[PDB]
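*Asks:* Sequence first, structure after, both from an experimental entry:
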Amino acid sequence: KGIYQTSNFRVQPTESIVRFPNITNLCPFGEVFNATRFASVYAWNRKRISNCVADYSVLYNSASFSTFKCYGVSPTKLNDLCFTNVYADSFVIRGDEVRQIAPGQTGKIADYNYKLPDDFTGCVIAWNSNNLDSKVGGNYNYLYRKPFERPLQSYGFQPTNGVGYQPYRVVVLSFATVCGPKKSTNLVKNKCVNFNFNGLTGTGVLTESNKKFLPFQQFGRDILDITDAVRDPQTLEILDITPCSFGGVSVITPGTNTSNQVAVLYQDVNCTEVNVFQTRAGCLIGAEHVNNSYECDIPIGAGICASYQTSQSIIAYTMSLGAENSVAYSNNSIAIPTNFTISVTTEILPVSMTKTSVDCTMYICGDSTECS
Amino acid sequence: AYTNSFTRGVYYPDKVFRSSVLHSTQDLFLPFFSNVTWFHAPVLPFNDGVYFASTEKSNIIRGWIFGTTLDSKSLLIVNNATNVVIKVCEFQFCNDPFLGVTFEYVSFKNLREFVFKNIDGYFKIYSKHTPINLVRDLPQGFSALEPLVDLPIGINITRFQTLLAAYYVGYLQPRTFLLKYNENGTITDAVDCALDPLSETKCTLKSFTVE
Amino acid sequence: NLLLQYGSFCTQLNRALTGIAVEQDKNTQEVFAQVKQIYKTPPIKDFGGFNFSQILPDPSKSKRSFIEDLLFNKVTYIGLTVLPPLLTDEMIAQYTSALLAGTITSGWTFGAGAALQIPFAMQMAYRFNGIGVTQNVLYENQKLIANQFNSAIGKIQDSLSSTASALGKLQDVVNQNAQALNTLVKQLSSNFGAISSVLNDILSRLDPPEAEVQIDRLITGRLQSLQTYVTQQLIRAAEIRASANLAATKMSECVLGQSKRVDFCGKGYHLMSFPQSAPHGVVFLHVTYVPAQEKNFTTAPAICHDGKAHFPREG
Amino acid sequence: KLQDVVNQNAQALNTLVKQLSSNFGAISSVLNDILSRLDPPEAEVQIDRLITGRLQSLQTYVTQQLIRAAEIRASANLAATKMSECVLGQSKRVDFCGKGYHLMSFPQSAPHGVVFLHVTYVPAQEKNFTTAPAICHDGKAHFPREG
């Protein structure tokens, strides 16, 4: 008979939420990939792509470039990455030169006009230019001849020609500030959730709070530096973080050899979160409440005790402190005993431990010198 | 010339709210009761960070060049009539620089205090406006500076020049400070733990009251 | 998955702390539960002029005595939990009211057998007889002894209410437990030679076959810090037990009786004491006879009348 | 109490022996495996992990033994005092010798402990009387010498 802490339980998070600011200040990709012109193949022209959202998911999904192919990166993953600082290089040339847009290569572009480093991590693509950069009088701007080294003549570029002689508007972006967009998601309240605010992962019951952060403050901390609150980066509102509901799961029983039904106690939770009975010690289940009081058989806590009684069940009750007794006092009444009892009563005390000794080398290293 | 850094150049260490709590931290701070070099109006180094405290009726101190050569070999920070330019460029100034009477940004009776710090490759600025008149120097009250900007730059900033009647400079030192955040989440008081043995005791008990 | 490789170190701490938690209910019973019935005071307070309205429970209220509410006013989530005491303070108030109502209406007899009524001045006439003062000195002074004790109880309000440091030991025990749990939380933010204290970021930043070594440093540090806390808790609990056993001993000899042990029941020749409950502890108001104004006399060890020597029988 | 002390000593030794089966992050909990599967310069890192593990356990166990030995000594000194006062005498200390006014007690040996039979006197059947604190005779007051 007793109460035993069989397990500890935790409400698992029902959702995961991710929150970041409004997705402003993107890089100007239309100034390179959607430009009205591109430089000669012998003289490729460079621009800068940094201190911005680098929206690489638009390029990875795009079909306008023949292939947005990367020498040392994944094009779908690139929207989650950041480059140290990105250079965007652009040129116009005949489509027969399009195979030169890669590291470890040869020919008038790749070895003499628009060459790239052997270790260059960068993504390159071209849009077909027979409708956009060629001309029927000849595309004379297609001039061709170290890495990025910006004696020469125009390529025979033309719009009616086959795809080798038809030009393409080529460009590439090389590999901090060249950083892709962080994806936001919908917010959740009053449920145990995983969350990830601007750099602040955690798990908890989020709730709209009455605290007053200053305009620059993003996290709230408790006395022991426990993360206590956050500001949402999209609506400038402040949330408490309450930890997800958890506690011990004690099982209450009479002796097994007296009965098999048991009552379970979830410490310090509201019963809604789990017959049922709320107590100041937690939520109690399988026991049933009664208005009577008895000497405390099995302790629950907070003045509640439980026992097995009558058709039998586990009852739970506010414990008796023993029977109450008003003494018949006055300024003139005395009670005197007329007879007595010689009650022999046991007291018991432990007096010695089991006198243990240990061969600490046999315990730590038994049978090995290499261990010793 | 010199004058007393009475109790100035506290700033919110981080973007954290803390309420009715005695949080204590080490950072580059203006040490309490130091002497600032006071200028009434001049190359100055940038040893680790700068507390700065010009008071002017018309804010003629408008631009500071922070860098390595101050020349064409690098932050041009410049307030104008309605905007605040910042850029890193190799550029130039004359034998007597003055203003005619890669980034971008937009913004006596008053004292526009600042603190300017570069650390972990990131350069940052904080501010206060100072509502109170005193013609002599920086008052003996208390006031904490809120953040205004950050940039990564990767430049080993050595020294600076400020262009336009007075300005004051005090170099930051690594120190432990203890900070009294009140209910509203604002710093109401601070203790410089290295100042005197009483401050070494307050930073031991956390409490501003020592028994 | 790594913590399981360290064996019983997650079990035996929960067992050790449960061994403390079960014992705190026991300490509270060993002190307060020393009576098998809840004695009720009579309605009329005819205790021979001794005004106990400040130490008996106020029925207008939690049903505590006035001097207890001073004590309750004077003493002030990530994986840790505080279990409730088995006995709520509104029950400790009944036990202390029973001990007190017994001590008033029946003196010591409710410690031995059944509570027996005895008029309170007739009890004090025994309390004096127990310190070698003949009880005629009580009734010949009763109105003065009442005024002395009423006034002395008056100073207890002011002593507890006006002074801020008056409950040093209970505030110290609450402070030690506060600083222990505060330390235990602070230690979660310590690096222990791992790349971070943020366990989720370790898993985010490094390959699992490597990150295991970082997590091993945090587990090693945190577990050693938990064992440190548990060992401090067991050592501290052994001291709180020695305090509770001393309190139980005082309540046995000094509430339920009159201890002849000089300077055990506080200074002075002891008469009686009244318990009051307090946050995480107990207070005793020890009532003690202190002799005050001495005259100096010639004396002789014994006297001769007929060549026979005579000696004092009881003086 | 005695069965509890025997149970605590059993649980402590049983835990201490069970720790030998645990890895502590070593490649096996069987020390002879580590010493035969792997070469000594490789193996020593795993063995130093396992030694660090077992040593932390042993220091835990010895600390539990010391903390419990202080409890058993506090019990033994209380027993020794009860035998000095309550067997070798009659202690007037109320409830120091079990419920009642006290007469005498008899010790009994028990495994790792002691048992006392306290022979207390406990009053039983009471009658309630009119009483007076003293009695007049000639307008002088008379008081009881005892009772």
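*Replies:* It's in. Numbering: from 1, shown residues only, chains lettered A, B, ... in the order given.

*Asks:* ok, now which ones touch residue C:130?
*Replies:* Counting by C-beta atoms under 8 Å, 6 or more residues apart in numbering or on different chains, residue C:130 makes contact with C:258, C:260, C:271. (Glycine included, C-beta is placed from N, CA and C.)

*Asks:* let's go with 6 Å and repeat that
*Replies:* The contact partners of residue C:130, by C-beta atoms under 6 Å, 6 or more residues apart in numbering or on different chains, come to residue C:258.

*Asks:* Close to chain D: what parts of the stretch 1-150 of chain C are there?
*Replies:* Residues of the stretch 1-150 of chain C lying close to chain D (C-beta under 6 Å from any C-beta of the partner chain) are C:5-8, C:12, C:111-113, C:122, C:136, C:139.

*Asks:* One more pass at 8 Å, please.
*Replies:* Residues of the stretch 1-150 of chain C found near chain D (C-beta under 8 Å from any C-beta of the partner chain) are C:2, C:5-8, C:12, C:15-16, C:34, C:108-109, C:111-114, C:116-119, C:121-122, C:125, C:134-136, C:139.

*Asks:* Report the buried members of the residues you listed.
*Replies:* Neighbour counting with 16 or more other C-beta atoms under 10 Å in any protein chain shown marks C:6-8, C:12, C:16, C:34, C:108-109, C:111-114, C:116-119, C:121-122, C:125, C:135, C:139 as buried within these.

*Asks:* Now do the SS call for the closest residue to chain C within chain B.
*Replies:* As assessed by C-beta to the nearest C-beta, chain C sits closest to residue B:211 within chain B, at 9.3 Å. The three-state label given to residue B:211 by DSSP: H, G, I helix; E, B strand; the rest coil is coil.

*Asks:* measure it to residue B:201 for me?
*Replies:* Per C-beta to C-beta, to the nearest Å, residue B:211 is found 10 Å from residue B:201.

*Asks:* Neighbour count: those two, which is higher?
*Replies:* For residue B:211 versus residue B:201, neighbours defined as other C-beta atoms under 10 Å in any protein chain shown are more numerous around residue B:201 (13 against 5).

*Asks:* wait, what's in contact with the more buried one?
*Replies:* residue B:210.

*Asks:* Check the offset of the helix or strand where residue A:230 lies from the chain's centre.
*Replies:* If you go by DSSP states H and E, residue A:230 is part of strand A:227-231. Relative to the centre of its chain, strand A:227-231 is centred 15 Å away, using C-alpha atoms, centre = their mean, to the nearest Å.

*Asks:* Describe which strands that strand pairs with in its sheet and in which direction.
*Replies:* Under the criterion DSSP bridges, strand A:227-231 sits next to strand A:219-221 (antiparallel), strand A:238-242 (antiparallel) in its sheet.

*Asks:* Count the residues that sit near residue B:172.
*Replies:* Neighbours of residue B:172 (other C-beta under 10 Å): 21.

*Asks:* Repeat that for residue C:172.
*Replies:* Residues near residue C:172, counting by other C-beta under 10 Å: 10.

*Asks:* Going by neighbour count, which residues in the helix or strand in which it is found are buried?
*Replies:* Per DSSP H and E: residue C:172 is located in helix C:168-186. By 16+ other C-beta under 10 Å, the buried positions in helix C:168-186 come out as C:170-171, C:173-174, C:184-185.

*Asks:* so residue C:264 sits right up against residue C:254, yeah?
*Replies:* Yes. With contact defined as C-beta atoms under 8 Å, residue C:264 counts as touching residue C:254 (7.3 Å).

*Asks:* before we move on, back to that, need the max-distance pair from the buried residues of helix C:168-186.
*Replies:* Spanning the widest gap among these are C:170 and C:185, at 22.9 Å by C-beta to C-beta.
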